[PDB]
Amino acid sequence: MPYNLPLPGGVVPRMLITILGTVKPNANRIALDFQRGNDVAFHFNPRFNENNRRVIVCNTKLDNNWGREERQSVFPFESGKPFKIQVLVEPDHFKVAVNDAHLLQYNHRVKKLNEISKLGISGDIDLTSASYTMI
């Protein structure tokens, strides 16, 4: 939707990625796509209305096939409101916090973290900034 944050050197433990923005009015979806070639190592997809239920769907795409979805009902996003998403990389999983509160963790399926060269940021949001640092 369709911005891309380059991750030279790929993903590595201790890396902290921060995304700041504002959810658009009447938002329908948001998506973060950690890409490794044509695969999607980590797909973070907040859905504002899936049968009148809000849900965050996470999955991985390998060789054009989506794997086992990991769903989370806790949904801190709100249409028209600013947000902050922080993705902390651990050797065994991606740690996600929103508005400074832990939200979920997604265990790595794609093991070669170094090959995850970019983070796609899309969906119904107004992007302020996307950056990363080491902690």
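Position 1 is the first residue in the sequence shown; the rest follow in order.
Mean C-alpha B-factor is higher over 54-62 than over the other stretch, the pair under comparison being 87-95 and 54-62. The PDB entry records a higher mean C-alpha B factor for 64-72 than for its counterpart among 64-72 and 99-107. The entry lists a Cα temperature factor for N26 that places it in the highest third of the chain's modelled residues.
When the modelled residues of the chain are ordered by their C-alpha B factor, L20 lands in the lowest third. Ranked by Cα temperature factor within the chain, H43 sits in the lowest third according to the deposited record. Sort the modelled residues of the chain by CA B factor and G9 lands in the highest third.
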